[PDB]
Structure formats: C-alpha cells, structure tokens
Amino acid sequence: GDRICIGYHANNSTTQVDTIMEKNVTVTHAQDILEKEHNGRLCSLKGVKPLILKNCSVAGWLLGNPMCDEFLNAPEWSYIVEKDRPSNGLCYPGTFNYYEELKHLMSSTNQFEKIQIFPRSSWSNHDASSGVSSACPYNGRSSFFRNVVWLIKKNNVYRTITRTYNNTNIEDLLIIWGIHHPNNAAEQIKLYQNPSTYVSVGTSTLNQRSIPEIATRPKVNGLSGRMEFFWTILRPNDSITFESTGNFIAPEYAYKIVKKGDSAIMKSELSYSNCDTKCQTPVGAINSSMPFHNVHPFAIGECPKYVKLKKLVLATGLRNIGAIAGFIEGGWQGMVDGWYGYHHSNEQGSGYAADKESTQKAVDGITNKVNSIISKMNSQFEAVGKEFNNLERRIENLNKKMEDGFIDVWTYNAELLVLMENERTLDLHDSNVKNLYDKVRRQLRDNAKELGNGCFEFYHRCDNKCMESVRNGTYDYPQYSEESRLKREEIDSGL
C-alpha cells in the first residue's frame, strides 16, 4: 500500500481528428468547424428580400419587356436572383452594349426609383403608338418594351428630334436608349421616311453618333430586324441631349440610383420562400455559426469562409486511451472534474482528485488558441460574382483562375493550420501530464520510490492532509524526512 499516481482524463468520446503525422485519432473533446449543410431555400438576407427576377433577365427587367414584372414599389433589395438561362430578355432581338458592365453596376446597387423623363405622349411630331411587335406580346396583343419608345414617322414625315433632359436630382440616373437596325432599304423608308439617319447622344462625358447597320439576318423570336441598346449614367446637374432623324428607340423612364451598397446578382433556379438567413448560396441558405463551410463558393451575406474540404475538426482535449495504474498506461475514466489529476491510495483514501491548477491553465490556452485560429482567417478570400461575354473569354478565365486560386490557397492554409495545431494540442497534453508527474517527484524526493508506471510508493506515512501537501506544491520533505530515513534502510535490510 501507500501509493499515488499521476493521470489524465478519459471518457465516452469517439470524436476523431487528424494531424500531419496520423489520421483518425480518437480524442476526449473536439470541435467541428466546417459547415456542410444548407436548407435548399432562397431567403431574405437579415430582413431584406432579394429582387427575384423569375424568368426575366436584367435586360428584360430594365427595358420593361412586357412579360416582366415592374417593381412599382421601388423596393430596396439585398441581392438579385437571375435564372441561369432566362426566357424573357430582349423580346425584340438585338444587342445590349456593355451589358456585363451594367450587371456589374447592379452588384453595388441596392435600390432604384423609376422616373419618367420623356413622357410617351410628348412626341408631338411623331407616331408614338405604332412601334409594337408580335415579338413583344402583352396579353397576346402586340406590344413593346414599357420603358423605351419605338418612335415612328407621322404622316409620312419624321421631323428631326432634338431633346434634352437635365438631371436635377441628387442621385445618379441610369438612362437607356436604343437604335433600330432594319432589314432592308425599303423597311427603313417605310418606317422613318428619311433614307439616311442617325442617333446622336451628348452629355459632358459621352459623345456618340449611332448609325443603322442593315443586314440580312435569320429570324429570332420571329423577326429579322434588330435593336441595339445603350446606357449611360447621367450625373447630378448634368444634362443629356438626344438628336435623331430616325431609328431612335427613345427613353421614357430612367432609374434613380437611390441606394448603393453590398449587393450581388446570384445565378440560381430557386424561388423565394418565407425564410430569412444570414448567408445565402445559389442552392440554399446556411446556418452561419461555424467558421468554415463547403456548400458553395458564391455565398453572400455574413458567411463562414469557404474551403474545398470534406471535414475540418480541431482537437481540443486528450487522446482517448482499460487504462490502469498511472499515466504510462492510459487515462482515467474515473477522473471527471478535470483533464489531469491524481489518485490517492491512502490508509484512509481511494483516489481520483483533479489538478485544476494545470487543468484550467490548459482549458485556458486551448480555448484561446481555438479563437485565434478562427480569427486568423477573418480576411480570407471571398469570391465575387461577375459575368463576361463571348469575346471576353480570356479575362473570364483570368477571373476564374484567380478565384479558384485563392480558394485553393486558403483551403490549404485552413487544413494545414488545423493539422499542425492539432499535433501541437495533443503534444501539449502529453507535456502537461509529464509536467504533473515531475511536480510531484521534485517534492517527494527520497521519501518515495518511483514505480515506473506513473505512480510513487511512500517510504513514510502521509495521511489525507499531506495528500494535498503534494497537490498544492506545499509538501515539505523535512517534516516527513526522518520517518522515510529509517524505513528505506529497513527495505535495504528487510527480507
């Protein structure tokens, strides 16, 4: 009898972690940091709803394709949702110049207010009602974009248009207009009389003379003609003047840019639900509590950092071991209120007290090290949506290689940090356990025999209140020295 052992926690845990050195290492306590689920729904972002475009493209929305919903309420939005291949775009076919740049403006815009700048009924000298088409059906009747006017010769005459608008608002105006490219020389005269026309636009920054480019083209949405749209931002206190002799697709409504901020165009097929989120991906929203996730790289909102991993587990406690007779052989299920501690084995005692002078000192630096790991990726790369046209494949690939490149870099960093500090965490517990034993051996010097399994046997009587002499860094050699003095030479001369 008369012993004492140094030992460590063990429990029912089957959590597993990895290191540089080993895989699947069972530990007492561990912390998952990777989010892997989403809810498959499309939600408001912290109370603010997305602008859902349904089957419409940004072009169809902005020009007012009759199949598309106008937003009369002038709502603000958190993000914009556009399907992958929207069916309602330029119902009258053609091109929309610097479309992808316009879409990129929307990513920093959170609210429009449509304002009328040239009322449809202010074109005295021209036909403002015949410009409609079977390609733009509203309720099965031929119609046209709601926000631009297809002006047409009146009484076989098309008087020169010169018309100006002064931006007397505080806000930038987004202004859109267009030009008609007819099918042949006869069509041009039929519509606009004058055989050779132009559309001239002028601001303090933009000077442009546009000219109708006639070609023989195959039918799109039934039509061989085309229309080409343009856009500009008219700054506060600047003015814009249009002059045309024909083919002018004139603006009616402009868009006051009333709120700039963090926004996005998300490409998703989902539809909106009664749902709110902190973090939205194109395939569903995420419970943003953990610091990493692998759901989708184009997450927006207050999001965890995206990494290309199947798992990310930080070790926090000891390995999980029976585990009998001191630390050399494993950990104690019997120890409950601590990670490292002791075992009494007394004339009075049984054992299993915990040393929380070093248990708390370890729970201190572990939970401090954990938060440090997470916050070290506070500035981790976050991907940003952009689109490119079919003649911008190089910069599109540049952009892909950059974003994938940063995701790979940070994936690597996140993994390496976890593996490396995991090895350091497990190694710390080892050194803490080995430190505990040494604290005791440096106290009980001669008065006890090292048993080689993690326990000491006393060459003297100790009793319970000396069993905290040893725990409290207080045991004094002298006051038990003379008793030990004698009993060990009794061993040296016993049987």
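For every residue, the number given is its place in the sequence shown, counted from 1.
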Deposited residues missing from the model between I321 and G322 number 4 to 9
Going by the entry, of stretches 97 to 105 and 185 to 193 the one with greater average Cα B-factor is 185 to 193
The stretch whose C-alpha atoms carry the larger average B-factor in the entry, 148 to 156 or 248 to 256, is 148 to 156
Of the residues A30, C68, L42, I52, the one whose Cα carries the largest B-factor in the deposited record is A30
In this crystal structure's PDB entry, the residue among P218, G301, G261, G338 with the greatest CA B factor is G338
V370: C-alpha B-factor third of its chain, per the entry, is the highest
In terms of its chain's C-alpha B-factors, the third that includes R442 is the highest
Chain thirds by Cα B factor, record data; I176 belongs to the lowest
Binned into thirds over the chain's modelled residues, the C-alpha B-factor of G330 lands in the highest
Of the three thirds of the chain ranked by Cα temperature factor, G89 occupies the lowest
